[PDB]
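All remarks here apply to the structure that follows.
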Amino acid sequence: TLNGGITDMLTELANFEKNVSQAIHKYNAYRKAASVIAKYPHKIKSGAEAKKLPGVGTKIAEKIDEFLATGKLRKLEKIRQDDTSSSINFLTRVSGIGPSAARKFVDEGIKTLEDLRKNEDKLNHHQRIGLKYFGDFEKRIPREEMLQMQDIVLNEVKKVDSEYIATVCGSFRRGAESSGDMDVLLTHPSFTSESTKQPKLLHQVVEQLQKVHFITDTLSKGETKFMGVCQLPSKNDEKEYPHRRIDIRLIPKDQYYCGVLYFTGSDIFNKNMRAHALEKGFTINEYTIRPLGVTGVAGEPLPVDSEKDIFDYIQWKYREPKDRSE
DNA sequence: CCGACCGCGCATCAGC
DNA sequence: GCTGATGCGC
DNA sequence: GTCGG
Ligand code: NA
Ligand code: NA
């Protein structure tokens, strides 16, 4: 909102480095810079001002100076005037098409969605799904739809086995008004980190979701992770809902509530909580919470039966998901 | 100055 | 056919 | 590209 001109620039630069330069760490630098400036409560007036922010160094400082004087960035103007870079960049918007595949397609003249449709033969299964749902995957999901989608997932999971537990996480669980996909964490009493005593725990749930025609396509599926496509049923009279990306992860039950914690976020809240654990003698990753020895050695994972248990261990007032922005 | 920069499940490829 | 590396999205 | 050891 407040510095959107700069942050659009920094994001554009980020996409370039990831997709064209294949410089993943520059991409994440530019993103880090863009997030920190999006959070800044004043109109940036100089590159020096921004440089005080963590993640803005000397090069982004001068790019801001240029952007403020001229309103554009010549480096970005050249990049956009270059047919190759813009086609590689554009093609990475197809899910399953990354910097490698996008580069290769462009090298042999496949540069547009239409070009991809002509050469569907040359796409893997994931890429074909990405092409089919190209528009729908770039749409947001309003929360009311999210709420409907959750009702379906939780009802259908329960139909396979009442002993399943399923949680939709992400920004949605924090009460976000819109989401980018649906992220479901699944667990069962028979699946602990010490033994698997059920063969097809995730399969049974994806299969039930398919048979009620909620899950429509599969991008990838194994014993513990499903990535696919779903759609809310259309109400006979009205327009169809866009197809939506959904992930479902089967997590061992002794690690489930640490998983919920980590995948609920936010990322800034995770890292402030991971930092406070350390100060009080514990380390938390996405799987466990462990005490630290006097010399920095992690002990065994502590029992966790709810989220608040993790809070109890590190002597933190419980934080409801809606209050975990920072 | 110099290396770290999230780590991992799955699909596919590369090399055998 | 096998095992390990790579691409990819998260 | 930025940071911190
Ligand atoms: Na800085
Ligand atoms: Na892509």
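FYI, side chains are in, hydrogens and waters are out, and symmetry mates aren't considered; it's all heavy atoms of this structure. Just so we're on the same page: letters track the sequence lines, and every chain starts at 1.
- Nucleic acid contact class of A:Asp183 (heavy atoms, under 4.0 Å, all strands): none.
- Contacts of A:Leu10 with the nucleic acid, taken as non-hydrogen atoms under 4.0 Å apart, are absent.
- The CZ atom of A:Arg93 sits 17 Å away from the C1' atom of C:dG9 (whole-angstrom rounding).
- The NE2-P distance, from A:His125 to B:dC13, rounds to 14 Å in whole Å.
- Using bins of under 30°, 30° to 60° and over 60° for the plane-to-plane angle, the ring pair A:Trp316/A:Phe269 lands in the tilted bin.
- In this structure, A:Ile246 atom CD1 and C:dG9 atom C1' are separated by 16 Å, rounded to whole Å.
- Residue A:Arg245 places none of its side-chain N or O atoms closer than 4.0 Å to OP1 or OP2 of C:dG9.
- In this entry the distance linking NZ of A:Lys104 with P of B:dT12 reads 14 Å, nearest Å.
- Using a 4.0 Å heavy-atom cutoff across all strands shown, A:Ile24 reaches no nucleic acid atom at all.
- The interatomic distance linking A:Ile64 (CD1) with D:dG1 (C1') rounds to 13 Å, in whole Å.
- Comparing D:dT2, B:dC5, B:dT12 by their nearest atom to the side chain of A:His25 picks out B:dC5.
- The stretch residues 266-300 of chain A has no heavy atom under 4.0 Å from DNA chain D, so no residue of it qualifies as close.
- In the set C:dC10, D:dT2, B:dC10, the nucleotide with an atom closest to the side chain of A:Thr224 is B:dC10.
- Between the side chains of A:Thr70 and A:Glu66, no donor-acceptor pair of N or O atoms lies under 3.5 Å.
- The side chain of A:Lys59 has D:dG1 as its nearest neighbour among D:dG1, C:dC10, D:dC3.
- For D:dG4 and B:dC6, the P atoms lie 14 Å apart once the distance is rounded to whole Å.
- Side-chain atoms of A:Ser86 come within 3.5 Å of backbone N or O of A:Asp83 as a donor-acceptor pair.
- Side chain of A:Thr192 to backbone of A:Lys253: no donor-acceptor contact under 3.5 angstrom is found.
- A:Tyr313 and A:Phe282 have tilted rings, their planes meeting at an angle from 30° to 60° on a 0 to 90° scale.
- Residue A:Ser100 places its side chain closer to C:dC8 than to any other of C:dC8, D:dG1, C:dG9.
- Counting only heavy atoms from C-beta on, A:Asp181 has its side chain closest to C:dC10 among D:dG1, B:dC6, C:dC10.
- Rounded to whole angstrom, the span from the CD atom of A:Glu223 across to the P atom of B:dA11 amounts to 11 Å.
- Checking the phosphate oxygens (OP1, OP2) of B:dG9, no side-chain nitrogen or oxygen of A:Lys225 falls inside 4.0 Å.
- In this structure, CZ of A:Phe172 is placed 19 Å from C1' of C:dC10, rounded to the nearest angstrom.
- Taking every side-chain heavy atom of A:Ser95 into account, C:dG9 is the closest of B:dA11, B:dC6, C:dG9.
- Each of A:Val153, A:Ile141, A:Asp247 was compared with A:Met182 under the side-chain contact (heavy atoms from CB on, under 4.5 Å) criterion, and only A:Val153 meets it.
- Within 4.0 Å (heavy atoms only), A:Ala33 reaches no atom of the nucleic acid at all.
- There is a side-chain donor-acceptor pair under 3.5 Å between A:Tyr40 and A:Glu49.
- Side-chain proximity of A:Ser220 to the nucleotides B:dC10, D:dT2, C:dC8 is greatest for B:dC10.
- A cation-pi arrangement, defined by a distance under 6.0 Å to the six-membered ring centre and an angle within 45 degrees of its axis, is present between A:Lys239 and A:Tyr241.
- The side chain to side chain donor-acceptor pair (under 3.5 Å) test applied to A:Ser179 returns no partner, not counting sequence neighbours.
- Residue A:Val36 is out of contact with every strand shown, counting any heavy-atom pair closer than 4.0 Å.
- The side chain of A:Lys26 lies closest to D:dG1, out of D:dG1, C:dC10, C:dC8.
- With D:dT2, C:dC10, C:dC8 as the candidates, the nucleotide lying closest to the side chain of A:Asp247 is C:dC10.
- Rounded to a whole Å, the CZ atom of A:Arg31 is 15 Å from the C1' atom of D:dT2.
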